């Protein structure tokens, strides 16, 4: 029915088959002014930063952060599956709501701009993203079968994956920085110095948290702890939807993991495409820490 189906176009972007229907519901979504959007290209650290922000908004209270599974606390806007949809769950949530999305800026519901909602756009280097997303498709049965790693990389590089080109996603979101309240963050900076990155989020949300709380947030949101937290590690989803025996959702949590899968030849070809796409932009991603 929806499982292992081909991607469908939605306003020019390839999309997970299940999510591509009744798209008008997404377009008409009603945001609230104090909604906080977490936006990322797939596999860029959405779940990671979702749990960070939840801790922040709950003043570092761990028991509060345990009130529900991640899909209820921080729903994915565009998700639909008979699981309650992301929008239905968002309609049930108290303000300030945290909203996760992978949508290109052009597909984000216009209400979010009209309400001046704050947004955190997190970006991750395209090499680790390709590898994370490949493995994700092995386990996430809503996605097309990715094929071999070599076939998948070619599709990733041409933007023939759900949510389209990493290049376009990152560059278009970056253009929206000057005109809207958006915090731009990088997965590699968060891995390298979570204290300083988390501090950037706390100031952006106009919050005031002491250093004891800050350390507890850092500890509670580290890969080692989150991987074994059943409220955030996606083991709560039906086996039919995500089969973690093919790849766990909390897979490696490393910057540089891409090196383990890219051949030198693949690397040189990637780099050439990357240069063509990205040389004119003032973004400098790190591929290792």
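Numbering follows the first chain given and starts at 1.
According to the record, the deposited sequence contains 1 to 3 residues between residue 82 and residue 83 that were left without coordinates. According to the entry, the deposited sequence runs straight from residue 202 to residue 203 with no unmodelled residues in between. The PDB entry records a higher mean C-alpha B factor for 172-180 than for its counterpart among 172-180 and 102-110. On average the C-alpha atoms of 276-284 have higher B-factors than those of the other stretch, with 17-25 and 276-284 being the two compared. Between the residues 140, 208, 165, 125, the entry's highest C-alpha temperature factor is the one at 208. Per the deposited record, the Cα B-factor of residue 135 falls in the lowest third when ranked against the other modelled residues of its chain. When the modelled residues of the chain are ordered by C-alpha B-factor, residue 157 sits in the middle third. The entry lists a Cα temperature factor for residue 97 that places it in the lowest third of the chain's modelled residues. In this PDB entry, residue 53 carries a Cα temperature factor that places it within the lowest third of its chain's modelled residues. Residue-level temperature factors show residue 42 in the lowest third of its chain, judged at the C-alpha atom.
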